[PDB]
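Engineer: the data below comprise the sequence and an experimental structure of the protein.
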Amino acid sequence: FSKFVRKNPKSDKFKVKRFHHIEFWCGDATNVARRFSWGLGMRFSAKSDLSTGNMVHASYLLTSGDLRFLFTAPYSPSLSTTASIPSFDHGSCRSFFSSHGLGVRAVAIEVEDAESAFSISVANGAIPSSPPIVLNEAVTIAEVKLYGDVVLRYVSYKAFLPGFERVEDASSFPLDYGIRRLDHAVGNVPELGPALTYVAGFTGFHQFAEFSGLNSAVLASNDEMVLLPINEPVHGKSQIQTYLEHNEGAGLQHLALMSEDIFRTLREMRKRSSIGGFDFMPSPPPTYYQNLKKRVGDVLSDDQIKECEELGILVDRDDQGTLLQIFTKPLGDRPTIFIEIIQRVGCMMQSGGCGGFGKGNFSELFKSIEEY
Amino acid sequence: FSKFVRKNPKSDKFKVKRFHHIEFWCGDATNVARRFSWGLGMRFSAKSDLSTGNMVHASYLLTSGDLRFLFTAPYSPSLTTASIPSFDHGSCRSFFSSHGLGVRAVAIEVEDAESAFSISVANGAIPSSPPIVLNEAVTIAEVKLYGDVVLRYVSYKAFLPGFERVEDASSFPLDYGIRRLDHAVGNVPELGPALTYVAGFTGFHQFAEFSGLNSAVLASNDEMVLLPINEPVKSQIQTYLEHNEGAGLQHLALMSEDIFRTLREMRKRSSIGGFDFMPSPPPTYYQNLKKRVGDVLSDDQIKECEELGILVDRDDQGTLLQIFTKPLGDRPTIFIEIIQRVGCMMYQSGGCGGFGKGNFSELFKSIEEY
Ligand SMILES: CCN1c2ccc(C(=O)c3cnn(C)c3O)cc2N(CC)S1(=O)=O
Ligand SMILES: CCN1c2ccc(C(=O)c3cnn(C)c3O)cc2N(CC)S1(=O)=O
Ligand SMILES: [Fe+3]
Ligand SMILES: [Fe+3]
């Protein structure tokens, strides 16, 4: 008697595969990469610093399944090229970090051909940031402006990056809390309209249909595995407006990290919150989890709803699947970028965006807190 | 029969008590403090950020015993409410862009910071921040030490105003045995003008000395505040100056009540967010220990040094156990020394056992064989 109809034109102007990596720009990459590695359970797998010959910048790669986190900091220009990332600029990293703080600089996706994806993007309105550059006849990398100071990096292959030496573990069994891949990367913009027209104008990404102080929209690729949601603030206190003021303009709001077992990951992450890891936002009242069995009782057992209450995980669902989700506190000094830990249940063939993004938890949390 | 004669003029131009804190300037203080907290075992105990009203800078205080590490990072100027009145946005950005993560202030406890500041400037010291009384309770002033590092004078009348305490709220709060700062060392291009300048406005006397650098130690009257300086003679000091872009603090020696407990805990966390250590001496170094420190350390404590890579040195009066970490940040500049002094129990004489100058030959000797 109820039905939600999804439509997918599959209008991608170029062939995109998966998310490749996320590049944070830092002031000191070593302390941030080691903070994230311990708090998130990501292995130190590659690097491109002075120990490898790179006298321009220091970059460290953390991996966990298919998720790649790159942490890049600039060296002093008096060390002069030996840079392994050709898009890197000292005056651009300093300006980015001095104005936005710790945050995401590049959102990298894998494509069939970064050189073609760059020409089609620029030809369809995108502002170019870094032209296509072929590294060692193996990898091609191009960058276009996404929003604010974030660039959409195109990555393509011929068969991590050239100039990176792989880092091998000294621990008996390396770090791993269950995070396997990036699900979606969300940015905040002043006006949602021009952002959607711009991004979808050069990517061909269609809008993913949805089942507080913001207006949200999700741009998705043909297979809906690369998800780029965007939020604008609703005025008349909004976190999006608080984001833009402390970030000095638009920027990436949060990254959702998919876990093969969100209880395993939250058990590890919450263990380390006060000993170097990441803190989490306040948990819903106990009335929230008592209301779970009546709306997700056919998906989660009685012992699994108990497990969400102990860890602070929110549950949401739509017409196709179910979503387990929780949010960390801001990763750095500024109340800007944070991290979401999710696990999607259902839509097995696993469809992209299964269970939605948790928009129903706005009222579900508001309704549950109203038991006071 | 040998004897080492030490002289102490006690020429302090003002009353100096003890080391108060060390302040790191960062780009993101949150990730630097949390990384140091896990690898060193220091407790998050105070803060001054926007959650407390400070819209100028974010400052976090890690403590372990009497050791105080402050981590400060600047906010966006588009946001005074600053708790550190000497803080400057245009100075912190320039500092971190030229030296990277490093020590900005070496703070010492004094009887009167305003008197210590006036006597310093009148004796050649370059002023950095004038005496400023905070909430009619604390006075802080800053003079140039070397490079962009400043010597900070702190005095009381009975951490700092504007700082709210944060309760650990853990059953095993972080503690690896570190208790206080022993000494803080800086590298300079020319040691001569540095000693003349620093000792010229402090009255600190040279601490008598029982590879690639020339060093001297400036100590206070009680020799509990030790400020050594290094110049280059291939030299790590020269490589430091190139990457640090001038003079600056080289390392901080953290005094531990049990260096074995601390080294276990720190080596446990090297690959999971903590700190890495410099290569350990060959096994011939530790086979030669019993004929060097056999009357101080037991055989099983020498075993404990070999398992942890700890270096042991000795002088006329005391014995010193020490070890060194790798650089704390991107640049091969500032590192950390972990020490434990044995002997000179009087309630312990500062600089007991020296600073490990004898380990340069002892380490080179141990590599000769094997
Ligand atoms: C429970 C209420 N909250 C909620 C719900 C969903 C999403 C979300 O992930 C989302 C919403 N739209 N799109 C596209 C998305 O990815 C974020 C957040 N919060 C912010 C941390 S929250 O805790 O306030
Ligand atoms: C080869 C033994 N090494 C050693 C010995 C003593 C000190 C030291 O703490 C010291 C010496 N003089 N002053 C004033 C200090 O504070 C540092 C270091 N190394 C660190 C690069 S080391 O491994 O080369
Ligand atoms: Fe999300
Ligand atoms: Fe030392």
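Structural biologist: Received, thanks. Residues are numbered from 1 along each chain as shown, chains lettered A, B, ... in the order given. Ligands and ions are numbered 1, 2, ... in the order given.
Engineer: how about the helices in chain A?
Structural biologist: Using DSSP state H, the helices of chain A run over A:29-40, A:90-100, A:114-123, A:192-203, A:239-247, A:262-271, A:286-290, A:293-296, A:302-311, A:361-369.
Engineer: ok, now which ones touch the residue nearest to residue A:77 when sequence neighbours are not counted?
Structural biologist: Spatial nearest neighbour of residue A:77, chain neighbours left out: residue A:90 (5.5 Å); criterion: Cβ to Cβ, 6 or more residues apart in numbering or on different chains. Every residue, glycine included, has its C-beta placed from N, CA and C. Residue A:90 sits next to A:56-57, A:74-75, A:77 when contact means Cβ atoms under 8 Å, 6 or more residues apart in numbering or on different chains.
Engineer: report the buried members of those residues.
Structural biologist: Among the contacts of residue A:90, those classed as buried by 16 or more other Cβ atoms under 10 Å in any protein chain shown are A:56-57, A:74-75.
Engineer: format those as a markdown table; extra columns: distance to residue A:22.
Structural biologist: Putting these into a markdown table (distance: Cβ to Cβ, whole Å) gives the following:
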| residue | distance to residue A:22 |
| --- | --- |
| A:56 | 20 |
| A:57 | 16 |
| A:74 | 18 |
| A:75 | 21 |
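Engineer: export those as a markdown table, with columns for distance to ligand 1.
Structural biologist: Shown next, in a markdown table, are those (distance: Cβ to the nearest ligand atom, whole Å):
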| residue | distance to ligand 1 |
| --- | --- |
| A:56 | 35 |
| A:57 | 31 |
| A:74 | 31 |
| A:75 | 35 |
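Engineer: out of these, list just those in strands.
Structural biologist: The members of the buried ones among the contacts of residue A:90 that map onto strands under DSSP state E are A:57, A:74.
Engineer: just the closest of the buried ones among the contacts of residue A:90 to chain B, please.
Structural biologist: Of all those, chain B sits closest to residue A:75, with 7.0 Å by Cβ to the nearest Cβ.
Engineer: wait, what's in contact with that closest one?
Structural biologist: Neighbours of residue A:75 in contact, by Cβ under 8 Å, 6+ apart: A:50, A:55-58, A:90, B:330-331.
Engineer: ok, back up a step: figure out which of the helices of chain A is closest to ligand 1.
Structural biologist: Nearest of the helices of chain A to ligand 1, taken as Cβ to the nearest ligand atom: helix A:361-369 at 3.6 Å.
Engineer: residue in the stretch 101-250 of chain A nearest to ligand 4?
Structural biologist: Closest contact between the stretch 101-250 of chain A and ligand 4, by Cβ to the ion, is at residue A:170 (26.4 Å).
Engineer: the most centrally placed residue in chain A pairs with what?
Structural biologist: Closest residue to the average C-alpha location of chain A: residue A:255 at 2.6 Å, with Cα atoms, centre = their mean. Counting by DSSP bridges, residue A:255 forms beta bridges with residue A:185, residue A:339.
Engineer: ditto for residue A:141
Structural biologist: Applying DSSP bridges to residue A:141 yields these beta-bridge partners: residue A:133, residue A:155.
Engineer: give me phi/psi at the residue of the stretch 101-250 of chain A closest to ligand 4?
Structural biologist: Note on residue A:170: its backbone torsions stand at phi -100, psi -20 [degrees, to the nearest 10].
Engineer: just the C-alpha atoms of stretch A:301-308, please, in PDB.
Structural biologist: Only the C-alpha atoms of stretch A:301-308 are listed here, as PDB (Å, rounded to 0.1, in the frame of the first residue of the first chain):
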ATOM      1  CA  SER A 301      18.000  -9.800  17.100                       C
ATOM      2  CA  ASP A 302      17.400  -9.000  20.700                       C
ATOM      3  CA  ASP A 303      21.100  -9.300  21.600                       C
ATOM      4  CA  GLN A 304      22.000  -7.000  18.700                       C
ATOM      5  CA  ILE A 305      19.700  -4.200  19.900                       C
ATOM      6  CA  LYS A 306      21.300  -4.600  23.300                       C
ATOM      7  CA  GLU A 307      24.700  -4.200  21.600                       C
ATOM      8  CA  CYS A 308      23.600  -0.900  19.900                       C
END
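Engineer: domains of chain A?
Structural biologist: Under the assignment curated CATH domains, the domains of chain A span A:1-176, A:177-372.
Engineer: next, the distance between the ends of the shortest one.
Structural biologist: In other words, domain A:1-176. End-to-end distance of domain A:1-176 (Cα to Cα, to the nearest Å): 44 Å.
Engineer: chain center to that domain: distance?
Structural biologist: A distance of 12 Å separates the centroid of the chain from that of domain A:1-176, by Cα atoms, centre = their mean, to the nearest Å.
Engineer: once you drop chain neighbours, what's closest to residue A:156?
Structural biologist: Residue nearest to residue A:156 in three dimensions, not counting chain neighbours: residue A:114, with 4.1 Å by Cβ to Cβ, 6+ apart.
Engineer: what's near enough to touch that neighbour?
Structural biologist: A:132, A:140-142, A:154-156 are the contacts of residue A:114 under Cβ under 8 Å, 6+ apart.
Engineer: likewise for residue A:66?
Structural biologist: A:18, A:180-182.
Engineer: at 6 Å instead, please
Structural biologist: residue A:181 (Cβ atoms under 6 Å, 6 or more residues apart in numbering or on different chains).
Engineer: tell me, how many residues neighbour the closest residue to ligand 4 within the stretch 251-372 of chain A?
Structural biologist: Here the residue of the stretch 251-372 of chain A nearest ligand 4 is residue A:276; by Cβ to the ion that distance is 26.3 Å. By the criterion of other Cβ atoms under 10 Å in any protein chain shown, residue A:276 has 24 neighbours.
Engineer: what's the answer for residue A:39, then?
Structural biologist: 27.
Engineer: I'd like the distance between it and ligand 3.
Structural biologist: As for residue A:39, its distance to ligand 3 is 19 Å (criterion: Cβ to the ion, to the nearest Å).
Engineer: looks like that residue contacts residue A:279 (just checking).
Structural biologist: No. Residue A:39 lies out of contact with residue A:279 (Cβ atoms under 6 Å); the separation is 9.5 Å.
Engineer: may I have the phi/psi pair for residue A:334?
Structural biologist: phi -90, psi 140.
Engineer: isn't it right next to residue A:99, touching?
Structural biologist: No. Here residue A:334 does not reach residue A:99: they are 10.8 Å apart, not a contact under Cβ under 6 Å.
Engineer: so which of the two has more stuff around it?
Structural biologist: Higher neighbour count among residue A:334 and residue A:99: residue A:334, with 25 against 17, using other Cβ under 10 Å.
Engineer: quick one: residues contacting the more buried one.
Structural biologist: By Cβ under 6 Å, 6+ apart, the contact list for residue A:334 reads A:101, A:246.
Engineer: now with 7 Å?
Structural biologist: By Cβ atoms under 7 Å, 6 or more residues apart in numbering or on different chains, the residues touching residue A:334 are A:101, A:246-247.
Engineer: got a winner among the residues you listed for most neighbours?
Structural biologist: Going by other Cβ under 10 Å, residue A:101 tops these with 29 neighbours.
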